[PDB]
Amino acid sequence: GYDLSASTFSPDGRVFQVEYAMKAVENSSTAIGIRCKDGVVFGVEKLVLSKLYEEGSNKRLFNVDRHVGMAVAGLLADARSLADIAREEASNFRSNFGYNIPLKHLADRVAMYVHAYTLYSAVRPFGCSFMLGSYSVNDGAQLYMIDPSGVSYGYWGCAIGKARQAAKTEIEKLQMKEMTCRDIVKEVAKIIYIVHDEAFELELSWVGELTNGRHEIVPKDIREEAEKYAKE
Amino acid sequence: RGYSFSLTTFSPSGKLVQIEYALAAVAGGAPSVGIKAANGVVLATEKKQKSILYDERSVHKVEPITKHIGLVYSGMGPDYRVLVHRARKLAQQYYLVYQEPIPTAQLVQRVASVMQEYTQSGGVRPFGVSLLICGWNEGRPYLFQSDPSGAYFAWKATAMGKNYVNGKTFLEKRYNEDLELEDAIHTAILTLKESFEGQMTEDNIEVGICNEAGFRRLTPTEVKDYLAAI
Amino acid sequence: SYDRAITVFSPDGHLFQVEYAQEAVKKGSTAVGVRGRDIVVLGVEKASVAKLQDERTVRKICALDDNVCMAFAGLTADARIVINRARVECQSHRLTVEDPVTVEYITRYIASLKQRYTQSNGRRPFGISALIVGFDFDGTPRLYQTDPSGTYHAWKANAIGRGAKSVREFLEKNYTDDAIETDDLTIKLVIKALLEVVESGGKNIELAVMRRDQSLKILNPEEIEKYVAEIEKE
Amino acid sequence: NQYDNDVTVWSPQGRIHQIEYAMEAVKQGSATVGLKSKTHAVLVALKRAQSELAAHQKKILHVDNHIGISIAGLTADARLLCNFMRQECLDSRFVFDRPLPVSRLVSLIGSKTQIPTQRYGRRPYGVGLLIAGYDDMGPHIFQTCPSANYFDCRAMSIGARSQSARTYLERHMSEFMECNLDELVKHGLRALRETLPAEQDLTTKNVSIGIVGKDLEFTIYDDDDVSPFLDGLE
Amino acid sequence: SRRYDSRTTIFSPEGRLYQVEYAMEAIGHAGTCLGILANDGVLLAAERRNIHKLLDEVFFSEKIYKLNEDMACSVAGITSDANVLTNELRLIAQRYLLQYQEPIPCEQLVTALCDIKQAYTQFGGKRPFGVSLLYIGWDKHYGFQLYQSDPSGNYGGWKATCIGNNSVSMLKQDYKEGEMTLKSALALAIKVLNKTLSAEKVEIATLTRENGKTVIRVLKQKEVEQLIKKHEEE
Amino acid sequence: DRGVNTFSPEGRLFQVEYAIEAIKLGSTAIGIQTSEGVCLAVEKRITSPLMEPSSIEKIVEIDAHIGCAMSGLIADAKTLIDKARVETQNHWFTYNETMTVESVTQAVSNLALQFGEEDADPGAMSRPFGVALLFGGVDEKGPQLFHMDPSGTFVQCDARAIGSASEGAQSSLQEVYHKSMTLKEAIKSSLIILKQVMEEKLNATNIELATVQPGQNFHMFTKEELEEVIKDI
Amino acid sequence: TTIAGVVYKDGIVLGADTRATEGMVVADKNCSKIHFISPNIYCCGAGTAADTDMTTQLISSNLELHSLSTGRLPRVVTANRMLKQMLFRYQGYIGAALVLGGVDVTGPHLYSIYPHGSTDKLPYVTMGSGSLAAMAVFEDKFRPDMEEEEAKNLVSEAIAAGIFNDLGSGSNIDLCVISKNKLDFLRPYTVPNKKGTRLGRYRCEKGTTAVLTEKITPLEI
Amino acid sequence: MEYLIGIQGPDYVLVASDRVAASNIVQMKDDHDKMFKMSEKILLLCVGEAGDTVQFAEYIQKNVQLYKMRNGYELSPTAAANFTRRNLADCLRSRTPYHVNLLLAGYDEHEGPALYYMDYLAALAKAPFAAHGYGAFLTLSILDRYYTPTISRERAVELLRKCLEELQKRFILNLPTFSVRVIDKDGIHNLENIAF
Amino acid sequence: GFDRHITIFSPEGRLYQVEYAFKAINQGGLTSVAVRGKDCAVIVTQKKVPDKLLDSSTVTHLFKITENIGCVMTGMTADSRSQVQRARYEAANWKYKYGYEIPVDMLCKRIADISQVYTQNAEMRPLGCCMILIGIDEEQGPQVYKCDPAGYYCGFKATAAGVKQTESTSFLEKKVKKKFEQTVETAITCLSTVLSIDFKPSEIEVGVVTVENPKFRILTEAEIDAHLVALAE
């Protein structure tokens with residue numbers, strides 16, 4: 006019984022309370038994020054249970070600091086918790102150092118927060134993978150993705166969730182570097198409609218030159234324009 | 003945060019299970035000899051690394067406690083370094099309140115006092131380092147050994163680490179009460195020479211003496227000197 | 002800082018730590034007391050203290066301040082803490098209201114204390130049981146018997162030691178009105194009650210009496226012998 | 004089952020293994036139903052009488068100044084959570100001097116009941132709130148859960164066999180965003196009148212409802228005031 | 002975690018304390034050092050560890066520890082713990098002086114140490130102090146007196162009790181309780197230690218006086234070679 | 009074992025559904041709210057006859073117009089009876105009026121399901137209070153009695169039985185009460201104690217009865233009043 | 001208190017007068033004001049006579065704990081920064097206008113520590129009241145990059161110029177010379193102030209006493 | 001501004017307080033007795049601030065009373081005097097200075113009678129006779145002129161009447177009655193109060 | 008009992024958590040070999056991007072402690088950045104607390120010591136990453152150190168870290184007994204002779220320090236490409 010406590014290793018060095026949290030986001034829906042030269046476009050799959058839930062019953066594209074975003078995957082309680090303390094973290098940076106928070110420091114900070122939270126038997130690990138993303142006027146379209154292990158990598162087209170085994174292939178075959186984000190908002194629906202293999210009432214948000222370092226649910230028109238990527 | 007329950011506890015036989023395991027982890031440690039001599043001591047130890055790859059001037063095993071008191075270990079690696087940190091701090095509390103270098107006996111009182119509460123007090127395991135103490139303290143030199151239990155005894159000679167029964171019997175054979183300077187170093191060298199696992203390299207041993215002028219490590223040109231005079 | 006909940010409800014409403022303290026008072030001395038209507042009286046069959054004891058420090062009989070005094074039964078070292086805190090708060094209740102402190106109030110403090118150790122985080126509720134005797138402002142020689150569950154009862158014999166279920170059924174049988182006199186029939190009833198259990202009072206029994214808010218007097222084994230002889234003569 | 008020392012542990016598939024079991028612990032609770040119109044949202048609760056007779060453990064609660072709730076699970080833990088929600092709703096009356104919006108209310112209790120899910124040896128708040136209030140825009144209604152995962156829903160039913168009330172209430176969403184108070188609460192009571200064990204009546208005793216919305220305080224209708232809501236035969 | 006704690010402060014189902022009577026068996030492994038009082042002063046009589054040459058000089062031994070001008074203590078069991086507690090109780094002695102300008106009558110000291118050692122077996126979840134140390138002392142109130150305590154917490158006046166292995173029953177057939185004449189107490193001490206021997210492997214220490222102030226002697230070497238030839242038969 | 013803050017494979021807490029037990033253990037108490045008062049009674053189950061029966065406090069007056077009636081694990085209630093009376097005189101202190109019964113019952117039942125192993129400072133509770141009780145009290149609304157649980161659940165009650173006789177006495181009390189006091193609810197409630205009888209024919213030594221009537225404040229009955237009632241049955 | 005210290009090509013030369021005057025009367029006519037911290041760092045002291053003592057026992061003990069933690073010889077910058085940060089957070093309640101100097105692996109240099117916690121790298125410093133009596137003799141005859149012997153003569157002339165016209169004067173000058181290889185802590189350098197002499201013996205033998213009650217107590221046996 | 005007096009005899013020590021409880025301009029009930037009963041043979045007295053006399057010295061009475069009825073025997077008056085000097089001396093500078101000045105009459109069995117004295121700063125000293133208040137300033141020379149180191153009991157009482165009649169004659173406060181207690185080897189015995 | 012659960016002593020010593028933490032640093036395995044030059048402590052490691060979807064600039068090990076100390080770690084990369092941030096914290100805390108910039112040795116002593124107090128107390132796991140960290144002080148030459156997850160820093164010439172540690176230190180031991192500022196036949200060739208890839212200049216990260224320029228420099232594909240085409244002898 007080398008299980009059930011994050012302060013106990015395996016006999017081959019593998020802390021099982023972390024990889025049990027990793028499959029705990031693999032049983033939740035996808036949320037893809039695609040970088041391009043004018044900013045980062047998010048898109049989240051929704052798995053609307055009943056008709057009783059209205060539009061945006063649970064936000065899964067949170068925002069934090071008026072420019073970085075929160076496409077989350079796993080338990081929405083834990084993801085919402087680290088979302089609001091990310092809000093408090095960029096609050097302490099902007100209040101403390103004045104300068105608006107560069108995203109690499111926020112991803113390293115929230116990353117070591119959720120990592121240092123997996124060293125104790127007096128806490129459980131988080132059960133929520135999530136990703137960030139923004140750009141300053143001289144930053145580049147920085148996005149990062151953070152596991153429940155606490156590791157944070159810079160990506161281009163990272164995808165977390167249940168069907169990330171499917172979702173990583175189309176983002177890899179999509180032309181990554183040089184297109185101007187509006188088309189890829191449209192193209193995000195092609196990824197979401199491919200990976201949904203079963208109400209899929211999806212939701213998108215981005216940051217871009219049409220936004221100047223902000224976040225909007227889409228505005229609302231591509232929801233009746235990227236809906237026209239049915240039959241593909 | 004924390005546990006606040008002792009993991010060291012009493013067996014149904016009526017003994018401490020963790021402390022005998024600590025003396026097992028000491029007994030699986032590197033062998034180290036210490037010889038009390040009529041004016042001064044010698045505390046030799048054995049630094050066998052994995053390969054001929056490391057800096058043998060980087061880490062020490064002879065290292066002083068701030069005035070004239072060196073202490074050498076046998077067992078766990080870094081728990082020793084914690085005991086050097088605590089021991090230097092306790093010697094400097096004593097030095098800032100009483101304005102003399104600490105008597106060796108009182109330093110062994112306080113080091114054995116700090117090693118006791120790690121046999122208690124909240125989830126901490128005991129150290130498993132039975133380091134031994136030297137010191138000139140006025141008139142006649144001292145020598146001690148703080149076990150990972152917390153006991154301490156003073157004597158004329160000892161060994162510890164691997165095969166220490168041969169060290170205690172061999173030092174019981176070759177000891178004289180007036181045997182005082184470099185002859186002690188001689189028998190210390192031929193106590194480590196007894197096993198050593200081979201060839202007696204000067205970079206793999208280091209000694210430390212307390213020759214009435216402060217504890218001082220011996221330079222590697224001096225041990226090889228007497229290794230030429232074997 | 003140890004915070005494990007020890008005294009917890011098991012199934013079928015059984016609070017096992019407290020009943021384990023009930024065997025812990027079942028495995029002690031044999032204390033006994035009698036409310037004798039003008040006097041109160043104790044007794045605890047002691048062991049072999051004559052071989053090499055000191056009789057001054059074998060006391061199952063203590064004194065709280067002057068009138069109230071108690072005979073613990075069980076574990077004999079967790080009791081002394083309750084003695085000390087009883088004496089401390091008893092002096093505090095001499096500080097506020099300034100009375101010859103009533104026996105009801107101090108035994109409510111003891112029962113409330115042990116009940117506060119059936120609640121706190123990890124501290125093993127006591128294995129003692131008391132005989133809080135004494136008086137008040139107007140005679141009334143009230144006796145009280147506490148419990149490791151913190152339940153005090155104002156009963157009149159309460160033999161609560163180790164072989165004392167026989168003593169309390171004996172005292173159920175043989176205490177109606179014959180012990181309403183000054184001291185002799187009451188103390189005769191106590192030494193008869195403990196001579197039911199063991200042997201002679203020249204090595205075993207010791208007693209204590211208390212008369213009308215003065216003179217808490219113990220009985221040295223020369224004086225106990227006279228009463229024992231009378232009982233033997235019967 | 005080594006996953007019994009268990010709001011720290013994970014079942015090897017994905018499961019946290021007891022804060023979904025707190026969701027079982029609000030499936031066990033009594034049934035209720037809330038819903039919303041385009042103008043004013045309503046709450047309807049049936050109250051279990053596990054006694055002689057009672058106020059039947061009054062469910063829907065006054066928290067607020069138009070943000071009313073409907074508990075369904077533990078009652079003491081529910082009252083603790085609505086003293087929290089109540090106290091900081093009044094704190095937002097104190098500081099900002101505006102009505103506290105319903106979304107930030109349910110989100111920060113969604114961060115308050117989320118802490119014992121995280122840490123060690125602390126059970127989750129085993130209560131399923133069904134909160135409902137009228138902020139600046141339309142009258143919201145939020146199921147929240149002991150898994151600290153609220154839902155911006157419309158027309159939700161939680162409690163014992165409340166799934167049948169949902170499947171009535173799912174296929175009758177078309178006549179919402181109209182359907183004023185007199186014909187709305189009838190449409191909610193005939194949604195509640197399926198969780199009952201198939202024998203005939205939503206009595207005035209057990210049904211307590213609450214109304215909140217445009218130009219009216221969150222208003223509780225108890226034993227008497229539910230009697231003007233009367234219709235339906237099935 | 003609650004899977005990891007040794008749970009020291011738990012009553013047995015037989016009512017006793019598991020970690021306490023394991024300390025009582027720790028005394029029987031290593032322990033000697035009886036103590037005899039007389040009409041004159043009191044002595045300890047002790048044993049060192051083994052025959053192992055390799056031992057230069059003890060100022061006082063590892064057994065007899067000085068506490069005041071008029072008290073001393075000897076130690077059984079685990080020697081690592083008791084060192085700590087004897088420095089601890091030494092602090093107690095001096096602060097009584099700071100509070101009272103008295104030389105601390107020794108029963109106060111034994112009561113204080115037994116209260117804190119009882120506090121380590123009461124709560125905190127730690128292991129108890131595995132030492133049944135004992136005390137000799139004098140006050141102006143009582144005579145020469147020795148007390149004896151154990152890791153459980155209780156104590157007593159134990160006029161000739163030894164601790165450790167091979168248990172004192174011969175002393176309770178040989179000690180004259182009235183008069184003892186401390187030279188013959190030395191003779192009885194080397195009798196008992198002669199059954200259970207120069208100062209290489211013995212450590213005897215006396216407490217006497219001259220003109221009011223007490224004198225604690227550790228009985229330097231050649232006195233032991235006197236008493237070891239004070240036999241022929243025994 | 010497992011801890012105190014864990015949920016059971018039935019659906020509820022361990023320590024709460026274990027705290028429903030040790031209420032079957034202990035004495036039985038009953039109470040009847042009427043239209044002109046509320047009567048409480050308890051057969052306090054004296055063990056030996058060698059003794060004094062009039063100091064087993066199971067009818068305890070919180071205030072002059074609130075009297076409680078506990079059972080189960082006795083003397084575990086004294087901390088929350090202490091909180092009941094301290095909260096009562098705090099209410100009268102800060103607000104200069106009487107109370108309800110749902111404010112003292114609101115205040116005590118918050119302390120029931122408030123425990124835990126690793127929490128704030130060790131003056132907190134480990135086990136839940138294994139004592140079920142009910143506050144007989146008169147208000148400006150009406151006389152009423154509020155039956156608590158160890159779970160913190162408290163309910164309006166007009167005829168409630170606790171203790172070991174929580175099934176047979178409750179079912180007997182279910183069919184014998186509808187109307188009002190008119191002096192005979194206190195004589196048709198010790199009749200339920202007369203059916204309950206464990207050791208002795210319910211004389212004025214083993215039952216404690218007390219009524220709370222809107223004219224007076226309370227009345228803990230003395231011996232000759234009790235045996236005046238017992239003579240009438 | 002008149003104090004001073006001068007850096008030169010090999011090292012530094014500290015120096016102080018030896019007199020401590022509480023109120024307006026000398027309590028003690030010979031006290032060291034040149035305190036040990038380290039075999040390469042000596043400080044000095046002025047202001048409160050006890051606060052300099054305790055702050056340099058604390059930084060001496062903590063510093064040589066630091067140096068035997070590192071193993072190498074301790075630098076003089078870390079003594080400056082520990083005196084600065086530890087002397088600052090008591091808000092200047094400690095009155096310790098001390099200077100400190102050292103030869104180390106970078107170069108021989110000295111600092112001054114004002115009692116509020118303001119530090120100055122200087123070639124030459126003067127704390128105490130005798131600052132004013134010993135700063136001008138660093139302004140007519142001080143030269144940079146000067147040899148050890150006339151630097152010793154310079155600091156002795158400075159402290160000796162703090163003797164003769166200041167009321168915080170001293171009995172005699174002691175001064176330390178900290179070089180690269182050797183340390184020279186020499187107690188008194190010059191004694192320009194003899195005691196003088198007495199004239200005429202005073203006492204009888206076993207007289208001139210009003211004895212009321214004797215009491216004799218032996219010690220050994 | 002009250003008055004406490006004591007005289008150490010060879011086998012006794014007698015104390016006397018002024019039996020006046022004052023106010024701003026008037027005096028309250030006379031009796032209010034200032035001498036606080038300690039265990040059996042100790043007896044301390046307290047004047048000074050109106051509100052620390054009844055508070056501090058009663059707390060000392062609690063601790064010494066707890067010592068006797070906790071550990072059998074009572075304190076010697078030396079340990080009680082150094083006890084209350086410790087408690088006043090460490091309650092002095094911290095947060096609330098107890099402004100009381102104590103006498104402490106007492107005797108142990110196997111040593112002489114002792115009359116301890118302390119100011120409001122808790123500096124303790126033995127004395128064969130001590131005084132307090134403003135009335136100390138004029139009456140103390142009469143205990144200088146007539147006090148032999150060995151004095152009988154009735155001579156000390158009539159000497160104490162000399163001191164109180166002088167205190168009646170010159171001292172400006174109306175102190176008409178004085179409470180007198182002789183303590184000696186049979187326990188605390190109190191003589192009839194002196195009046196005028 | 009709990010020998011393989013808690014950081015406590017088993018029988019025969021050998022506390023079973025640090026070698027369970029040593030096996031944690033071999034997870035995946037991106038492998039550093041550090042080369043020391045009598046005037047230049049070069050750094051080498053291998054780094055594999057999975058899928059050409061990671062940002063290759065962001066993934067690294069190669070952290071910078073200060074302007075004179077670099078580091079590289081081969082453990083589980085979750086536990087890496089929690090360890091390097093505390094090393095930056097103690098470096099800047101040393102420069103604020105003791106004046107001069109921290110020399111490389113007792114930095115590794117200090118992070119070895121907090122890793123010790125991880126493996127001394129219970130209720131925390133000893134985090135599985137070892138810190139190959141280089142740096143130059145004024146007195147001695149360039150140094151290199153590695154504290155393990157047990158806290159045993161040594162003072163090395165040329166160890167390695169990660170998967171294939173033994174083959175690497177065998178190759179370095181066989182190729183140091185011969186006698191190197193260029194380090195062209197030592198630094199990369201340990202990797203290309205252990206695991207046989209003969210790298211293009213993408214997957215290798217190199218961090219040098221020189222005595223002539225003690226600032227820690229991470230190299231790019233231009234200069235490491237000239238460094239790789241210099242393997243044509």
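Chains as they are written, first to last, in the entry's author numbering: chain F, 6 to 203, 208 to 241; chain A, 3 to 232; chain C, 2 to 235; chain E, 4 to 237; chain B, 2 to 168, 172 to 200, 206 to 243; chain D, 9 to 241; chain H, 1 to 221; chain J, 1 to 196; chain G, 8 to 186, 191 to 244.
Using N, Cα and C, we set each Cβ at its ideal position, and we do this for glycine too.
When rounded, the separation of the alpha-carbon atoms in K62/E and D226/E is 13 angstroms. A direct Cα-to-Cα measurement between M176/E and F135/F gives close to 34 angstroms.
Contact note: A89/A does not reach chain B at a C-beta cutoff of 7 angstroms; the least C-beta distance is about 17 angstroms. Shown in chain order are the members of the stretch 62-75 of chain F whose Cβ falls below 8 angstroms from a Cβ of chain E: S62, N63.
Between the stretch 142-152 of chain C and the stretch 181-192 of chain C, the count of C-beta pairs closer than 8 angstroms stays below three; the two stretches do not touch.
Counting along the chain, no alpha helix (DSSP H) covers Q41/D; the unbroken beta strand (DSSP E) around it starts and ends at 36-41. Straight-line measurement puts the Cα of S34/A at about 11 angstroms from the Cα of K170/A.
Think of a sphere of 7 angstroms around the beta carbon of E174/A: the chain B residues whose beta carbon falls inside it are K54, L55, in chain order. Here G159/F is buried: its Cβ has 16 or more other Cβ atoms, across all protein chains shown, within 10 Å. In the displayed model, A32/C falls within a strand according to three-state DSSP.
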